[PDB]
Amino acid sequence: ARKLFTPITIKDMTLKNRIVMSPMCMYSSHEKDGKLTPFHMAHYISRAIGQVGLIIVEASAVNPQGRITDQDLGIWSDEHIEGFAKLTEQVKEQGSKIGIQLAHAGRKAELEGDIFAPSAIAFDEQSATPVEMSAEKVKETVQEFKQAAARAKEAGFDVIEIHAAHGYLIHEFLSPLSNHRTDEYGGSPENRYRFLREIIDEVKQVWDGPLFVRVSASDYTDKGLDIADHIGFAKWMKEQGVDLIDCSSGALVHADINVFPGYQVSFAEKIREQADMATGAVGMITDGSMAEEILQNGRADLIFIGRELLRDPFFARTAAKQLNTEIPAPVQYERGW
């Protein structure tokens, strides 16, 4: 069978195909309490019916002030467990595996009141200046990722992904453009990586399953991080037990980015080869032919699909047809697929 529909096993978790629903914020928690709503249930479960191998739930805040907006999903309270337990059970029942992206928006948080970051530097001219986290606060945040991971495990998730990309809190600590700290969390690449290092180690104390980390492989800015920097971080993550690196890019600050089909694939290929780390490719991949080429030419291990899954929830079927192959259909739709 096509590589796109060939299984892969990661830490006891076996995915039936290589299609992954990339995490995408829905801004639909209208009660502003970070809880799930019927919309979220239908939104996610429908792609499970659609045969996506792994569905990654949108950025879920580990602290209420770490939300991007007050409509974001959260996982900062035990009260969030009940809802997530229902979602994981139903997604798995339809045949898919499910993961959750643990997040903290840092200086890009669009909330009232003080927002936090490694240094008091605003995202742009239209944003509020964040408050520099005290060492105590940085360590409490590490514990919040750990506590959130514990809740995710209890809720039944198969995979946990750490959001270290798109200019949010962890990415802010990683890049010299946003981190000007003078303590143990700033300076050398070792110190800039320390926040992520501690998060990974603490999460490992409560979670032994598949662990993914999403990164922005380049800042596309002078004096910022580039692929060489991320190959270095990737080697350190490998040593810590990270199973796969989800390769995105940009958004730390505004930058000129040449966007085209497969524009972020070179990052996934370089990290995979140089860091001997499994990688996820993402970025304007909209058909089965490109997905297959990426996998077959050894550029990545999983194909993350975002916007095409918003246009076509049953992308798996469409891709199978494009590749002239067959895949199992959800039982209820056998007479249509």
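Residue indices: 1-based, along the sequence shown.
- As listed in the deposited structure, the average C-alpha B-factor of 271-279 and of 40-48 is greater for 271-279.
- Higher mean CA B-factor, judged across 68-76 and 166-174 from the recorded values: 68-76.
- Taking only the listed residues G262, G187, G99, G106, the entry reports the highest CA temperature factor at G187.
- In this entry, the residue among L87, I231, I200, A251 with the greatest C-alpha B factor is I231.
- Annotation for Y193: C-alpha temperature factor in the lowest third relative to the rest of the modelled chain, per the entry.
- Ranked within its chain, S119 lands in the middle third, by CA B factor from the PDB record.
- Ranked by C-alpha B-factor against the other modelled residues of its chain, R18 falls in the lowest third.
- Annotation for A155: CA B-factor lies in the highest third of the chain's modelled residues.
- Residue-level temperature factors show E136 in the highest third of its chain, judged at the C-alpha atom.
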